[PDB]
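Going from the sequence shown to the deposited numbering is simple: count from 1 and add 33.
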Amino acid sequence: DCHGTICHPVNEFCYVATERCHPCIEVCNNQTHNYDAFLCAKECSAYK
Numbered sequence: 034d035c036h037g038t039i040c041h042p043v044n045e046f047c048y049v050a051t052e053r054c055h056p057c058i059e060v061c062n063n064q065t066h067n068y069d070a071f072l073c074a075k076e077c078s079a080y081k
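Listed below in structure tokens is the structure:
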């Protein structure tokens with residue numbers, strides 16, 4: 034996962050499509066281009 038990198042636990046998640054840390058705000062805000070309800074829920078929602 035993410036080549037061993039540990040991402041920010043609240044602000045980020047390890048996106049395994051890219052194996053990079055990606056911002057939670059982006060995936061959770063339904064006004065963004067990369068909003069993803071499922072990934073927000075799974076990877077971000079409970080940590081904030």
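Cβ atoms here follow ideal geometry from the backbone N, Cα and C, with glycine treated the same way.
What is the C-beta distance between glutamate 52 and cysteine 35, in whole angstroms, given that I count them as a contact (C-beta under 8 Å)?
-> Indeed, because the Cβ distance is near 5 Å, the residues count as touching under 8 Å.
Own chain, CB closer than 8 Å to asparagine 62, minus 5 neighbours either side, in chain order | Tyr68
Are the beta-carbon atoms of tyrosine 80 and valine 43 separated by less than 8 Å?
-> Yes, these two residues count as a Cβ contact at 8 Å.
Cβ separation of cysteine 40 and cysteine 47, assumed to be a contact under 8 Å, to the nearest whole Å = 5 Å
For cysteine 40, three-class secondary structure by DSSP = coil
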